[PDB]
């Protein structure tokens, strides 16, 4: 339909870190929540690529903070997995579902636990992350952490479980 090309230009600009182009395209009515071939919205791609300024612009111009792509990822899943703490916090401040499950039952806490970033685990726990969530294999974040040598996280997750 009309505007589809603006949405594709916006998706590219958010993926590529083109701050000014994003602003131009929004001022021209581009669909902030258009999605690409795998269901990524601009907010997904900005969070995936670590583009904090664009994440912020997209949120203020109406991005769906809890949009899901074809794998069930939300922007928060991608920001956690790729170690963008400020984006994780901004996303949560704007209503990101901290316990969002992708199509395999993986939550952001699972991801932070597996990757091994203690501060990400603490942030998510502080915002109500579910220590008891089980993915499609019955694994909790604890299971992922301990299975990946992230002992300090496993212990923090254990104490939270009590």
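Numbering follows the first chain given and starts at 1.
As the entry records it, the average C-alpha temperature factor is higher for 113-121, out of 30-38 and 113-121. Relative to one another, 19-27 and 143-151 have unequal mean CA B-factors, and 143-151 is the one with the higher figure. Residue 79 sits in the middle third of its chain by CA B factor, as recorded in the PDB entry. Residue 132: CA B factor in the highest third of modelled residues in this chain (values from the PDB entry). Per the PDB record, residue ranking by Cα B-factor puts residue 44 in the lowest third of the chain.
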